[PDB]
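Student: Got a sequence here, can you build the structure:
(chains A and B)
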Amino acid sequence: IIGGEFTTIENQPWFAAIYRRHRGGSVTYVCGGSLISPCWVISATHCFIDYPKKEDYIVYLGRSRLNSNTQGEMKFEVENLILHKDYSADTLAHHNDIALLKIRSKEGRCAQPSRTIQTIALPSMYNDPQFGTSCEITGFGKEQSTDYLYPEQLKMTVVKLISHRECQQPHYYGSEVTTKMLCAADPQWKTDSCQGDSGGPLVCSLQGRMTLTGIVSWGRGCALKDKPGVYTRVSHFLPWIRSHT
Amino acid sequence: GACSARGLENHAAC
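Tutor: Numbers count the residues shown, from 1 in each chain, chains lettered A, B, ... in the order given. Pasting the structure now:
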């Protein structure tokens, strides 16, 4: 997250931290995700496409820090890793960039709701906030484009939804953005998601309910003028989600 | 570059 503010898991208790094991045993951070039911985390396909073996991954819930344990956290293996069959990427855009992880602990259990672990509601179909609406993004991704390290403490910020018509202008992203994507950015371009935030939640208030409106997917650079963050539009994937869960 | 962007996390080339 470029700009924004530090936070803790209590302010985004559906946030899932996804790591990968390496041959040799070191574990490194991959991507964010969102807990949509006790046994199911939703994320981005591009996070896993190069190493699609479910045994490679570890999922934490209730975690506020990247490389230290948070009190109350739960650790899970990935029972099933479901990537979107119509995924595709070009130099920039990632199409159908959505993935489901069925989580299960060593004891055979799913998430137990607590003060630090809660689910997030899905939107109703084709129901998104109007353009200019402020929404939240959360993650452990870079604080600057040029950073080598990821922040050790969870961050969040606010971005505003951009209309498809505006995001499709040539000076923004042209035809690389589809109707199954949502664009969001800061009016001054000073805050944004970045590398390592992929798979994490874009949350908006809809009908007086906190709702998973987007999944961090792609962008050209981070917090760069005329280059919004691009998010998988969750309200266009409800049949895919319901069928695979 | 591309490898420092959203889209190429956990990629073999990067």
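Student: rest of the way, CA atoms for contacts and neighbours
Tutor: Fine.
Student: Next secondary structure after the helix or strand containing residue A:166?
Tutor: Taking DSSP states H and E as the criterion, residue A:166 maps to helix A:164-167. Per DSSP H and E, the first helix or strand lying C-terminal to helix A:164-167 is strand A:181-185.
Student: So which elements touch that next one?
Tutor: Where contact means 3 or more C-alpha pairs under 8 Å, 6 or more residues apart in numbering or on different chains; DSSP states H and E, strand A:181-185 is packed against strand A:155-162, helix A:164-167, strand A:229-233.
Student: Looking at those, which is nearest to chain B?
Tutor: strand A:229-233 (8.7 Å; C-alpha to the nearest C-alpha).
Student: Give me the buried positions along that closest one.
Tutor: For strand A:229-233, a neighbour-count test (16 or more other C-alpha atoms under 10 Å in any protein chain shown) marks A:229, A:230, A:231, A:232, A:233 as buried.
Student: Stretch A:158-167 now?
Tutor: Buried residues in stretch A:158-167, defined by neighbour count with 16+ other C-alpha under 10 Å: A:158, A:159, A:160, A:161, A:162, A:164, A:167.
Student: okay, now the one residue in chain B that gets nearest to chain A: neighbour count?
Tutor: Residue of chain B nearest chain A, by C-alpha to the nearest C-alpha: residue B:6 (4.5 Å). Applying other C-alpha atoms under 10 Å in any protein chain shown, we find 29 residues neighbouring residue B:6.
Student: same check, this time on residue A:114
Tutor: Residue A:114 - counted by other C-alpha under 10 Å - has 12 other residues nearby.
Student: how is chain A carved up into domains?
Tutor: Domain assignment for chain A by curated CATH domains gives A:1-12+A:120-235, A:13-119+A:236-245.
Student: got the ones you listed as TSV, with distance to residue B:12 columns?
Tutor: Listed next are the domains of chain A as TSV, based on distance: least, C-alpha to C-alpha, whole Å:
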stretch	distance to residue B:12
domain A:1-12+A:120-235	15
domain A:13-119+A:236-245	6
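Student: Quick check: residues of chain B near chain A?
Tutor: Applying C-alpha under 8 Å from any C-alpha of the partner chain, we find that chain B lies next to chain A at B:4, B:5, B:6, B:7, B:8, B:9, B:10, B:11, B:12.
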